[PDB]
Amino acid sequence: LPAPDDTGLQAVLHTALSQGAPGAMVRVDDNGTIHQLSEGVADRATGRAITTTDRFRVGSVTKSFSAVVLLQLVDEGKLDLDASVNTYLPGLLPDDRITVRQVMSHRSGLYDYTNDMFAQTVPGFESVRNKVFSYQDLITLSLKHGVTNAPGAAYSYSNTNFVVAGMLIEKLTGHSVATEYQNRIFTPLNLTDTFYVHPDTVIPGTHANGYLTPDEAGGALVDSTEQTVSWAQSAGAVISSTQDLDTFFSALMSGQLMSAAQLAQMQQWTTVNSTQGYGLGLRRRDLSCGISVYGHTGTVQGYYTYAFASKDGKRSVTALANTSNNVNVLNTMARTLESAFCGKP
């Protein structure tokens, strides 16, 4: 790989701040050599500086954790990716043709309930932030709407799919998702900054606060740090750090978290757009220099995450900006992958 470009990383972070991120940071593990940069504030009211050791909400990066647990259950003979969801969770979905593999790759047609929840960003946050939902409650919210496409037929990202994932985990193991994440992932990889505390609202330890951008241009930021994340659960509620996400995706890509056969299933790409794919709870991004990287994004209120590794896991990158609902910032932060993997132009 090209050398990571720290000057380019610096510029990306600075641009993100100029676009409304209170703070922005990035860590690169380059085959044992660390790159770490941060700019701005973890807490915009106190002025406390952001740092790459600050814990944060990884949002939909959680889907990759959920997928790892499911794929280990496949390895153990407890789950068949091509069995129908309703084989395991009778009567859950309106169509007994929707399979586990389709849910995990967003090909199920299940309506994304979050489009109802967050039609208005800040009011929707205020509505859900202190609520506790069951898995079933979230599925019922989706099922108020028709499916959007035939099973398997179309890619359509939906939180509902990874709510199903958490249900499946809990039903088949008899354990909570927190227990499964801890025993299968957090403990074996020694992820000392990684937690699943749902429905607790506290972020353990030193953390970046999250700042939700309102839908109204120029509006005041809303502190969205403390919330249950019950609206997402196994689709979105993991807490981590840049070091731990780097460790996790390196371990994944280098073959440490499941059999080779299941990793290959995880990397069967469904087209997302001309430069992206989706596997089983896993994203592929194609970079300008002809490198692809593998991992996931997150956008939970107040936190934009990128966490991606090279194919062999030897270079991993995690970037965080502590705002959300700010596509300028989202788009800018994607450029950390360019600078970290493609290097200087």
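We number the residues from 1 along the sequence you see.
With 170-178 and 146-154 compared on mean CA B-factor from the PDB entry, the stretch scoring higher is 146-154. Stretches 29-37 and 283-291 differ in mean C-alpha B factor, with the higher average recorded for 283-291. Residue-level inspection of the entry shows that, of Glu126, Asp223, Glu216, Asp246, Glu216 has the top Cα B-factor. Across the options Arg57, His296, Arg315, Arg48, the residue with the most elevated CA B-factor in the record is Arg48. Annotation for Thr99: C-alpha temperature factor in the middle third relative to the rest of the modelled chain, per the entry. Ranked by C-alpha B-factor against the other modelled residues of its chain, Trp269 falls in the highest third. Ranked within its chain, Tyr111 lands in the middle third, by CA B factor from the PDB record.
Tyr196 sits in the lowest third of its chain by CA B factor, as recorded in the PDB entry. Per-chain ranking of the deposited C-alpha B factor places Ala119 in the highest third.
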